[PDB]
Amino acid sequence: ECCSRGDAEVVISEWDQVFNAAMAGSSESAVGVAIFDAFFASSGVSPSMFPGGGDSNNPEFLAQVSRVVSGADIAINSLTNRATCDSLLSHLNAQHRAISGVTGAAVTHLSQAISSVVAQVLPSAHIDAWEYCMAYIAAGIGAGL
Amino acid sequence: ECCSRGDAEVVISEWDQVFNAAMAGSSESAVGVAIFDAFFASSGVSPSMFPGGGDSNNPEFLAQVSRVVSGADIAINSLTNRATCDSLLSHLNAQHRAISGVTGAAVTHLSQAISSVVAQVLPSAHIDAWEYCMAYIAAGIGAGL
Amino acid sequence: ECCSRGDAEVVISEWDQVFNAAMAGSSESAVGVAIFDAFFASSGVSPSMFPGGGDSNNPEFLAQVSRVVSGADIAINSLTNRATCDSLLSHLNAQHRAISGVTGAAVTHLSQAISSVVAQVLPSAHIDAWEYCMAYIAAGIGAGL
Amino acid sequence: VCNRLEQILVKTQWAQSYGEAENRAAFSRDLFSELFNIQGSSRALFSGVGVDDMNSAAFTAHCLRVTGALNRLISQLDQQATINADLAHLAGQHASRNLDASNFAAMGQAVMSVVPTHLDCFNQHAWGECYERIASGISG
Amino acid sequence: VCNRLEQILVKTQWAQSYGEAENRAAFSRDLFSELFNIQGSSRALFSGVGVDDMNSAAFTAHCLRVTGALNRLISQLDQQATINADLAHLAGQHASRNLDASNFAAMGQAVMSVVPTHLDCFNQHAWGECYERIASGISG
Amino acid sequence: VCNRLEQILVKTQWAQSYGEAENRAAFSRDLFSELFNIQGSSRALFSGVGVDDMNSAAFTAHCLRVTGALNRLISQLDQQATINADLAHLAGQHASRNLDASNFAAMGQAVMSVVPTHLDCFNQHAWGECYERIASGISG
Amino acid sequence: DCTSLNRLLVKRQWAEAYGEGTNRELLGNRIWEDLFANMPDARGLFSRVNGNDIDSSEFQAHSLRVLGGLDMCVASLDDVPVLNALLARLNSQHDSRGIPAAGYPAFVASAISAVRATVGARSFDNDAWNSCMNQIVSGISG
Amino acid sequence: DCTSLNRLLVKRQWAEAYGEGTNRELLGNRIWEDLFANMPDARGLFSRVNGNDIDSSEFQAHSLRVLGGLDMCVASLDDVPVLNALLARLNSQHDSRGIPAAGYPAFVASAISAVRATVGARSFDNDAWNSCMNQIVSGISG
Amino acid sequence: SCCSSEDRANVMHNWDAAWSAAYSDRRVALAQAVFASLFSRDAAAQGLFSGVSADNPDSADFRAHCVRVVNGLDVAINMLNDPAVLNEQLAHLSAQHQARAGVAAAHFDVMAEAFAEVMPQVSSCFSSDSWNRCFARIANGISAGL
Amino acid sequence: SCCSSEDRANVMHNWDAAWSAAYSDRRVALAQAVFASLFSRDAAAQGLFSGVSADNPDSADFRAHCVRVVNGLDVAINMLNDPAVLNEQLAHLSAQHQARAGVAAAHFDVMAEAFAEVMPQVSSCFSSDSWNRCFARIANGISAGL
Ligand code: HEM
Ligand code: HEM
Ligand code: HEM
Ligand code: HEM
Ligand code: HEM
Ligand code: HEM
Ligand code: HEM
Ligand code: HEM
Ligand code: HEM
Ligand code: HEM
């Protein structure tokens, strides 16, 4: 139920839709910063906490953004296979456990930011399934945080 | 690996083969007692422990045999779906935990008895896959016994 | 007519048959020398005319044999496409024109040797089509010789 | 009740539906689905086996034991002494749970609303006669 | 090394193989499969991520992060400042593990033995040039 | 260079691509297509065989002799004395044409950019090792 | 000898073997063409149902009839009492014919042979078939 | 006799013949059902691997093993030295059994027969097969 | 009255089900039921089977006789597509009943309606018409000259 | 540890390629390489094969032994789908090694990693896991009771 085979399939579809054969491999950054900006707004978190403390034009923060969108992509594209997704998420979990300043309440903020931006870019976005799944991913990463 | 999708498929096949459209629904008993006799021999267990204490011609023991072959069938036919198989097995586990005289070392004896008899009746029997799976089923039932 | 689409197809088939997925890439030599021996016999030509003058166990003559069977294979596998086959043959022609000791009457001898050996190895050999085509190939190589 | 001949029809038709069926887990789950839809008062009667979610491994495990039991009985319909014993075993496995006569009567409606759909032929009576034979055995 | 144009071929061809591919988990696992088969000495170098069983959820999780990283880099090939930073991040994530130059050189052989099979066209050089660009970045 | 085992992989994979292939004329022409696209300086190096038009019977004739030679060598990889001789023959057939070491190095890139696409499996190294073995033989 | 489990395997395989409609003829001839081969001197016992022209209606009926009886025995293998009675009748139906002792052994070899070709030698249990095929003949020939 | 070209044809056909997995059993039985027919007196030599129940695991292993050896010889036909050594071992593995002289001839007939049915008599070169099958037996029986 | 092609196929189906080539236990249930009525509607008929423990249906001696009949009918039902052969069989089966002092044509009508009563209870969606059309085709052959 | 169905199929494929049923020249290259390491990582082991010109790998006497092994493994690998039979074979192969003073269980582990090193060099896209899973299944049977 909670983010089932179909939900995931659509998510992975619409996600690979925002990153189709024309967009992906060009501006994951434009999408990425958009994510963060939306993140900072909701989470309230201090941008002065990531590489280069935000600054959309900071070589470090960019690389940082890239690595975030990537992680998200790795997890999303694996929602169909539960077993391995849990692993992927736990790994992420561990990485954040080791970062003083990551609250479970925020992980979901960042997770909801992805969904929201996806919808902005992809109007078709099944905002119901996305949250259903991004909820799952937000649980694995911020598990216990 | 240990009793994988394919193994199970073949098992469930060959089992539904011993119980095809001609045999099943007639002499699960003939097969059933055969199982027990082979059980008693290996396990050494006392037949004077089941309903009617063996006695192949005991109305009680028969019903008993039937219920055993049935359980085995329920579990076998569910090897493809792990999640629900574990449940089925745990239930069996519980039932045996509540029976002073069931050793894990014996559960496998009974489990290996099924495989063996299957092979006798169905010469084709993939005795490698059967043991691979009957091992799994023998673990769930005699878990902790 | 003279070695038509079908003939060629069968030739190329039966040839790729003598050199299937088991034989080819192992003993083109065994076949090759067999060719020559059969050649020398019919043509009467002096084996003491090729690299290492025959001597089935001569590193030079072997390489030589290989290069002959190869040429034959290149031409055969191109009988379906006339245009390019003519080219391939003319090239061969030129190469032999520059070798004092190659008579058109012999070229066909070598060509008929291939067919014959093919039949020995591949009993199925359509000895009618083979000669029909090997005739064509023998004309291009020994053209004017 | 379930005579020598009415046992035939049934046994063959159960094989034809339950046997031929794709994945029993669905067939099994489908069965209880009806039982609930024709008698909601019972859905909670399985508060143990995780009925809250019928697609659960927990619940499906239960449905199988039943369609499994339902199966280990039909094949024993000809064996009076044997099936009587088995039925006794079962009837008593239902002692604890407060079951009225409407539940079993509902069960039969569930079983007989599922089975026919999977067949080309299905004998109304013959089935009821035997479900009775079984139902009784599992209660009194 | 990986110039403006050699970056094109590569980016498109990675999309054509890794992108078009069926289930990355297989493509990813397949990659490490080679790395081991062309340099067994490394198979144990991943004793952490449950290499004992490559079909494990544990191990597959790892392969994905790599084909994932491998992906988050190729798309950044045009962004000098950005990819340099990322590469720095990665190179340092490999500091702990004792990696020689044969490992990376093996990795490239692994990556370039997998990719071509999934394409109709594949530029040998252009790829090596860029794998280099990446390999270096992730070590020195 | 091209050891007993690396010869296996290669021989089988050449059969799997060149052998299984549809019409060698295309496979052959395709090969030289790359050689030119990865080293245009060579396209004119075949001014004799009518390179002006690669679809010509004239040019295709040439590509075949090469993929043909390339074939008559791989099968002889196990025969040291034999292939050495053949290679000698070839190397000397290339004496006249002014060939540098970048040409052969380009040839290998051409051969190894074509082959993998036609396979499910392709060993990077093993191939290079053997192309080397051949390349050397045909020059020095 | 013919253990219960054998009877199981024998009942099953014979089911598969015993075709449907005229497919039984397929099996039928199979066992006959064999019997009449290894033992040509046996075709004479069927001069009435025309053992000479195996493909004729006479013998085809006959052939089919035989498989019929042989199917009862198999189907009855579980219930010894009825089987005895079945074998008794059969026995009295061969009591007249001057059937050679070495006839039944041959027939059994041909049958067990036919069934095998029919169900495929997928690990054909010769011991089970023979052990049981013999239990049958015993009551008929004796 | 077994000319190089024969070895070629023999290697090739045997390749095609020598099936894969349990298909070899197909061929296996083929040569056995024959041998044990024309020469029933030969089934006794295999009382250990259960020559009586050809379809049993014992004999099936055995059967398969035989095809194994027979595949080495064929595969080794080009290299005489290794072949000799291969035949030597085989020979010492039959040195004990009281195998009748007229056994190998029979076996060879059954094999050459099996392969033929298997690869189809598409102009089957009996001379090549016999000429070579004999070169083999020679080292084993003698 | 003509047991057509669509009829035999249809009957062979009815008889395909409700039948077990593996176990005789069912063949007997069917037979017994057939005899049940047969006698029940012709006490006098039961006498013809004194040669079998008819007095005790549930007796080996008898159930054995059931198998023979049930088998004989099944053997004929399967020839239903190969007329030429069937004739030989019915001819045969016929002579066997002639060899039985008593059993006369009429009797096959009681036996006819006997099966006609039991079948619908053993085979699902049984098609009476086709069975009546073909059961005759067969019975007529056995009762012929009887 | 269980050599599954998908495993044997996968292994039979690996071994399908890198194999020639026509010429033994390759079977030998494979074998030799296997032995190469085997001894290279257990000089003492090489002694067990004094009965074969091990001292001279490139010798008929030896290459002949290679064929036997390479063949024996191929014979077992093909039974991998028919367990019952395989057992008989491994059982057999087993007794043959017992008949060899020396060779003990351990040795099969060196032989294990020996193949594990050579295969990836002979068969393309070789799947180690499946080979390790099944190579055991086989080896265990031969080294059993040894
Ligand atoms: C939706 C859930 C999230 C995703 C997809 C995600 C994923 C990632 C990934 C893949 C990395 C790079 C791994 C590495 O460091 O090697 C990372 C690092 C990091 N994340 Fe997250 N993250 C999430 C939520 C958050 C939140 C809510 C915070 C806290 C405000 C946060 C702060 C950081 C920081 C500070 C780093 C380390 C930057 C560095 O490399 O120095 N993350 N995250
Ligand atoms: C392969 C594993 C086994 C299977 C398939 C199995 C399954 C079952 C099933 C389905 C029942 C009936 C459930 C019920 O009581 O309501 C049962 C009951 C029972 N089992 Fe097992 N069992 C296994 C092994 C064993 C062993 C090894 C023993 C001990 C020697 C044993 C002894 C019993 C006894 C005594 C009962 C209760 C009989 C009664 O109803 O009074 N079981 N088992
Ligand atoms: C059926 C027609 C023939 C085929 C397939 C054929 C093909 C070839 C090929 C492909 C080569 C190697 C090209 C090279 O030298 O670079 C060659 C060379 C040669 N051929 Fe032929 N040939 C044929 C007939 C003959 C005949 C009848 C003779 C004369 C008796 C002959 C004697 C030679 C000699 C002496 C060489 C040069 C050997 C060397 O490399 O020094 N060929 N031929
Ligand atoms: C005649 C049809 C029925 C059959 C064959 C049947 C079968 C079964 C079986 C085999 C079990 C599991 C026992 C075990 O292995 O521990 C079970 C349990 C149970 N049955 Fe039935 N049953 C029938 C009728 C009913 C009816 C009519 C109801 C009520 C609507 C009912 C209520 C229950 C309940 C509540 C349990 C206990 C499961 C739990 O909550 O733990 N059953 N039944
Ligand atoms: C240029 C290609 C490579 C890329 C893009 C890459 C990618 C990665 C990534 C993304 C991780 C996981 C880091 C994390 O999120 O915590 C990782 C870990 C690791 N990598 Fe690499 N890598 C490369 C080269 C190599 C090579 C050549 C080797 C050795 C053969 C290697 C050895 C390792 C090991 C041992 C780990 C640690 C995993 C563990 O055991 O916990 N990597 N790599
Ligand atoms: C290792 C791979 C190579 C093989 C197997 C090969 C094969 C051949 C063969 C068989 C011929 C025809 C000879 C004849 O039959 O007369 C040929 C000719 C020729 N090859 Fe190569 N060759 C190789 C490398 C190269 C390279 C690297 C180049 C340059 C880019 C080159 C340049 C030429 C030229 C220019 C000719 C003469 C054709 C003409 O213009 O008339 N080859 N080669
Ligand atoms: C166990 C195997 C056998 C079975 C099931 C069997 C059964 C039968 C059956 C069903 C009949 C027809 C009885 C009737 O309606 O009167 C029959 C007749 C006959 N059987 Fe057998 N039989 C078997 C083996 C043999 C053997 C071993 C022989 C001799 C080679 C043999 C020779 C005959 C002959 C001569 C007849 C009479 C032909 C006629 O109808 O005129 N039977 N058998
Ligand atoms: C050229 C054809 C033949 C080949 C390739 C061959 C090869 C073999 C092989 C591979 C073995 C197993 C050796 C071992 O592992 O100990 C064997 C055993 C045996 N062979 Fe042959 N054989 C051939 C012909 C024959 C003939 C002509 C006979 C006699 C009719 C025969 C009778 C036996 C016997 C009796 C055994 C021993 C059975 C046992 O394992 O107990 N073989 N043969
Ligand atoms: C059309 C349906 C019938 C078929 C196919 C059939 C079948 C058979 C067969 C196969 C036998 C055993 C042959 C033997 O060993 O002699 C038999 C015996 C016999 N039948 Fe029929 N029969 C049919 C109808 C009838 C009817 C209508 C009657 C009279 C009421 C009858 C009277 C008998 C008697 C008296 C015996 C001998 C009893 C004994 O001594 O065992 N049959 N029949
Ligand atoms: C699992 C892999 C192996 C297989 C399938 C295999 C195969 C064979 C075969 C088929 C033979 C020839 C049978 C005969 O004629 O006696 C043989 C002989 C032999 N094997 Fe193995 N073997 C294996 C592993 C080993 C190991 C691990 C050792 C010890 C290091 C070993 C020691 C020997 C020895 C000493 C001989 C006899 C040498 C001679 O005198 O010719 N084998 N093996």
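Residues in segment E:18-36 that are in contact (Cβ under 8 Å) with a residue 60 or more places away in the chain and either at the interface with another protein chain (Cβ under 10 Å from one of its Cβ atoms) or over 13 Å from the mean Cα position of the chain (by Cα) (or both): E:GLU20, E:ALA21, E:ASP30, E:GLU34. The residues of segment G:81-98 that are surrounded by fewer than 20 Cβ atoms within 10 Å (Cβ to Cβ) and not small (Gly, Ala, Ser), listed by number, are G:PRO81, G:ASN84, G:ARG89, G:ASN91, G:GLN93, G:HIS94, G:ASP95, G:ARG97. Restricting attention to segment B:74-92, the residues that are surrounded by fewer than 21 Cβ atoms within 10 Å (Cβ to Cβ) and either more than 10 Å from chain D (Cβ to nearest Cβ) or among the charged types (D, E, K, R) (or both) add up to 2.
Restricted to segment B:90-108, and to residues there that are more than 19 Å from B:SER70 (Cβ to Cβ) and assigned to a helix (DSSP H, G or I), the residue that is farthest from ligand 1 (Cβ to nearest atom) is B:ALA106.
Tell me, yes or no, whether segment E:82-90 has at least one residue that is assigned to a loop (DSSP other than H, G, I, E, B) and either in contact with a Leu (Cβ under 8 Å, 6 or more places away or on another chain) or under 25 Å from J:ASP129 (Cβ atoms) (or both). Let's see the steps before the verdict.
So the first thing to find is which residues in segment E:82-90 are assigned to a loop (DSSP other than H, G, I, E, B), and the list is none.
Checking segment E:82-90: not a single residue is assigned to a loop (DSSP other than H, G, I, E, B) and either in contact with a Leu (Cβ under 8 Å, 6 or more places away or on another chain) or under 25 Å from J:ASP129 (Cβ atoms) (or both).
Count of segment E:91-137 residues, restricted to those that are assigned to a loop (DSSP other than H, G, I, E, B) and within 22 Å of E:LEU5 (Cα to Cα), is 5. For segment C:72-93, state whether one or more residues are without any contact (Cβ under 8 Å) to a residue 12 or more places away in the chain and under 30 Å from H:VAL119 (Cα atoms). Yes, the conditions are met somewhere in segment C:72-93.
Counting only helices (runs of 4 or more DSSP H) wholly contained in segment J:30-146, the ones carrying 2 or more residues that are away from chain H (no Cβ under 14 Å) and over 25 Å from E:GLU34 (Cβ atoms) occupy J:43-46, J:83-98, J:107-118, J:128-143. Going through segment B:97-141 one residue at a time, which ones are surrounded by 19 or more Cβ atoms within 10 Å (Cβ to Cβ), away from chain G (no Cβ under 14 Å) and near ligand 2 (Cβ under 7 Å from one of its atoms)? Within segment B:97-141, B:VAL102, B:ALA106, B:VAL107, B:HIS109, B:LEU110, B:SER111, B:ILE137, B:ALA138, B:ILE141 meet the criteria.
Residues checked against (1) within 16 Å of ligand 6 (Cβ to nearest atom); (2) closer than 30 Å to F:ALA15 by Cα; (3) free of Cβ contacts under 8 Å to residues at least 24 places away in the same chain:
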site: J:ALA17; (1), (2), (3): no, yes, no
site: J:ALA31; (1), (2), (3): no, yes, no
site: J:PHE35; (1), (2), (3): no, yes, no
site: J:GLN46; (1), (2), (3): no, no, yes
site: J:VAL75; (1), (2), (3): no, yes, yes
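Being within 20 Å of G:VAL10 (Cα to Cα) and over 12 Å from the mean Cα position of the chain (by Cα) is a description that does not apply to G:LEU67. Just one of (1) surrounded by fewer than 21 Cβ atoms within 10 Å (Cβ to Cβ); (2) more than 10 Å from chain F (Cβ to nearest Cβ); (3) of a type outside the set (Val, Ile, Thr) fails for C:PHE39. It is (1).
Taking the criterion of being within 14 Å of another protein chain (Cβ to nearest Cβ) and exposed (fewer than 13 other Cβ atoms within 10 Å of the Cβ), the only residue of segment A:42-57 that qualifies is A:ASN57.
Taking the stated definitions as given, is B:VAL117 closer than 25 Å to J:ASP82 by Cβ and under 11 Å from the mean Cα position of the chain (by Cα)?
It is true that B:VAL117 is closer than 25 Å to J:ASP82 by Cβ and under 11 Å from the mean Cα position of the chain (by Cα).
Residues that are touching a residue at least 12 places away in the same chain (Cβ under 8 Å) and either of a type in the set (D, E, K, R) or more than 7 Å from chain C (Cβ to nearest Cβ) (or both) within segment F:52-68 comprise F:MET54, F:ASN55, F:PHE59, F:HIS62, F:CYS63, F:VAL66, F:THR67, listed in sequence order. Could you give every pair whose Cβ atoms fall below 8 Å, whose first residue belongs to segment F:94-122 and is without any contact (Cβ under 8 Å) to a residue 40 or more places away in the chain and buried (at least 16 other Cβ atoms within 10 Å of the Cβ), and whose second residue is part of a helix (DSSP H, G or I) and of a type in the set (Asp, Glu), counting only separations of at least 6 or pairs across chains? Qualifying pairs under 8 Å: F:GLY108/F:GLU132. Taking residues in segment I:90-117 that are free of Cβ contacts under 8 Å to residues at least 40 places away in the same chain, and partners anywhere that are exposed (fewer than 14 other Cβ atoms within 10 Å of the Cβ) and among the polar types (S, T, N, Q), the pairs with Cβ atoms closer than 8 Å and at least 6 places apart or on different chains are I:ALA116/I:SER128. Here F:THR82 passes the criteria (1) touching a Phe, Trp or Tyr at 6+ places or on another chain (Cβ under 8 Å); (2) crowded, with 18+ Cβ neighbours inside 10 Å; (3) free of Cβ contacts under 8 Å to residues at least 24 places away in the same chain except the one numbered (1). Go through the residues of segment J:1-13 one by one and say whether even a single one is of a type outside the set (A, V, I, L, M), surrounded by fewer than 22 Cβ atoms within 10 Å (Cβ to Cβ) and closer than 24 Å to H:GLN13 by Cα. Yes - at least one qualifying residue is present in segment J:1-13.
For segment B:53-64, does any single residue satisfy the condition of being within 16 Å of ligand 4 (Cβ to nearest atom) and at negative phi? Scanning segment B:53-64, I find at least one residue that is within 16 Å of ligand 4 (Cβ to nearest atom) and at negative phi, so the answer is yes.
Ideal geometry is used to build each Cβ from the backbone, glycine not excepted, and the neighbour counts take in all protein chains shown. Quick note: the coordinates plus some simple rules give every number you see, no bench work behind them.
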